[PDB]
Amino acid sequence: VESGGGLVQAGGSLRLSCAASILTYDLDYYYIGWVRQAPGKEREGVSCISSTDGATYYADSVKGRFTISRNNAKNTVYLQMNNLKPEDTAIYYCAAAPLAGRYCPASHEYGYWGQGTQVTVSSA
């Protein structure tokens, strides 16, 4: 379950969180990632982190703006989104996948999904 979404002026900041103790009850090793979907578009992987050693990966489209992190103790996952632009507008899902290779899972490879949280960026 994701939370933290909402309406944000450009370019402000927003922090998403996910209780990812669900999505991960079947997996000893996993990537937790964030995938977003804009209203007319296909799903877009944005970031993920490994349960293994905390390695983090980012799409070029969010590089230097997004940081993903994990609390571990509370098994909560965070997404810090800085300098949001209207292109960032979308429903953001938190998802989990097996730790298959040294790379972020593609959207179709994620096995367990949250319900998503709406993020809207306005201006004009």
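Start at 1 with the first residue shown and count on from there.
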Self-check item: Per the entry, higher mean C-alpha B factor between 109-117 and 19-27
Solution: 19-27
Self-check item: Residue stretch of maximal mean CA temperature factor, 90-98 vs 35-43
Solution: 35-43
Quiz item: Whose C-alpha has the highest temperature factor in the PDB entry: 61, 67, 50, 76?
Solution: 76
Practice problem: Relative to the other modelled residues of the same chain, rank the CA B-factor of residue 80 and answer lowest, middle or highest third. | Solution: lowest
